[PDB]
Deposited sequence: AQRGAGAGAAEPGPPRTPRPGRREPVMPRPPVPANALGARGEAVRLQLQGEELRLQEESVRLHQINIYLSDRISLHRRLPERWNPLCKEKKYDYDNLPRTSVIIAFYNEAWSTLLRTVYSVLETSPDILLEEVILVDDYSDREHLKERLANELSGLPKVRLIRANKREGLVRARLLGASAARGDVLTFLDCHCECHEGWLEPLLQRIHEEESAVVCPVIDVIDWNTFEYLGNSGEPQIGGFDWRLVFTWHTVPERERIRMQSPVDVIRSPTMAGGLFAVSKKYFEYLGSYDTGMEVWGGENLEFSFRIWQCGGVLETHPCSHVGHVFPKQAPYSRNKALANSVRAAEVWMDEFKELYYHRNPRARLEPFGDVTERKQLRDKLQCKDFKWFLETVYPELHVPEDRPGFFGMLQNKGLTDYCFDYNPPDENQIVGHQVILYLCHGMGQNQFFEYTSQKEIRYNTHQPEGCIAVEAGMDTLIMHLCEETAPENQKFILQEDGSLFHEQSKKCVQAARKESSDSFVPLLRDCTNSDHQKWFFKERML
């Protein structure tokens, strides 16, 4: 029979890119360092001090710059069925963003998103106070196709500002971006195609770095990192495990991720509403990405990173505004989703005990209504490579000496990332954890595991000092300690006892009845 007339719409982007100056700054996503002197240099310093981003430079980079091709070449082989893909509202909440970074985000979306797939770009002003975001912004956006600008009536925070955008959205799919992003070519089709296959998939781009000082684009074609967390409940990145890599049919297929970096993701609008959207009790910034990740997995969805979708993000030098609510937000997530495992969190971030977190009754009712699975399920099924501490009563906290009163084990690595190979010492107990937080485990190891990777105390061959190693699957012989009832700390391989010795360090000595060889755990100082 005769071919049917296809669905009408242009596959080309909503807007064409204007002509580029051949010598323009930052044109190919390269690093730019301007080497300024005098007053121009002071203006650059002031822009960094004011935005935590080199806005002096951003103001001199095109708002219409095309990112270089950086993805795996197999992504170019993908064919998409534009006639059947859903349409998306792109939602961009912003608070006091600079002019050039925000507008470059908008033009990037309009200049990379296929017209047939993009319903609208919704900007949500979260009660910004900067003047360039007022009448000047409305005037600049007023004529653009497929752009809406919505303004909050008071400071909402990113959660509730995003929900303002979602509430106004007209597309089938909600795609959230930050107000300082730049889209790789072809970023949108993979997300929409995946949601077209599975309504309950929340799908994230791989988030590439755009450097806040040079605006260099650092996307690459390798396997991306995926999202996890540690037991301080801070988001961390990790490498894709072998379990998940075996299940991928090609390198450019979607990858299941325990958690999301947050803020860049696509989701069916009906499914986002079905899952209870966002906890409206979270404030300002932080913690919502973890709560949303836990909710997605425990309540029956899938959270995935799509290797063919790349979005660059200007990670700032430091926090550009006060982020004092992340702890309370994380407590809301922990109290609703983590069950008994919230205690491992409270042990490693004791401030969380004191933090007011409001009323979570309605989120707990949401969890019951959706019949969600429990947190032990999430750990065993979604994130089994995360080590789960035991924190047995009497076996965690500060490791204090009986003889040398008020001194406890203390380990402070030079770099917080590289913890291996330095001596554990003794130090006046301060009760703040981190460097004085240890856990004695059922596998006889003394673990240093406020954050990951877990460190385990060891004694190298023929030495008397205590050195920080990494914990392994099977405890090596030089990491095994026996903590007896009376307090003796016996190193099995040396056949020696740990003794508080002269500053102060713990050293192996022959076992005696001395109190300087007696140790005990204390959770709190008083």
Extract from the deposited sequence all ranges with no corresponding C-alpha coordinates, numbering residues from 1. 1-12, 515-519
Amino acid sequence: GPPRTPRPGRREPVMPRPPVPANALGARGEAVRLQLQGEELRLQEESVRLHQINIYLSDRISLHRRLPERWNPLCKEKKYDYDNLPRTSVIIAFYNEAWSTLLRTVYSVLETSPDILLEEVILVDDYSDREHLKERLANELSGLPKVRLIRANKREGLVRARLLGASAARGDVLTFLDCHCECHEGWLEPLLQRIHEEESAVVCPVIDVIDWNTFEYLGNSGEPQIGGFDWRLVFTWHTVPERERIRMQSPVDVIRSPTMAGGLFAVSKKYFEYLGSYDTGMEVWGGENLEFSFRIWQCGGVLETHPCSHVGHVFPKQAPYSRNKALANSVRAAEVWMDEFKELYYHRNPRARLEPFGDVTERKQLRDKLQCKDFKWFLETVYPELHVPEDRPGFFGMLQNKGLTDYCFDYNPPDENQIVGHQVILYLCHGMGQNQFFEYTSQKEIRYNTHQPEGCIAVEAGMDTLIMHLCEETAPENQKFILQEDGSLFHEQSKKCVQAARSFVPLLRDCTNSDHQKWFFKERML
From here on, numbers count along this sequence of modelled residues.
As the entry reports it, the stretch among 92-100 and 440-448 with higher mean C-alpha B factor is 440-448
Between 15-23 and 513-521, the record assigns the higher mean Cα B factor to 15-23
Which of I53, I61, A501, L67 ranks first by CA B-factor in the deposited coordinates: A501
Would you mind checking which of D208, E380, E416, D125 has the top Cα temperature factor in the PDB entry? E416
Which third, lowest, middle or highest, does the C-alpha temperature factor of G219 belong to within its own chain? middle
What third of the chain, by the recorded C-alpha B-factor, contains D391? middle
Split into thirds by Cα B-factor across the chain's modelled residues, where does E340 land: lowest, middle or highest? middle
On the chain's distribution of Cα B-factors, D172 falls within the third called lowest
Lowest, middle or highest third of the chain for the C-alpha temperature factor of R295? lowest
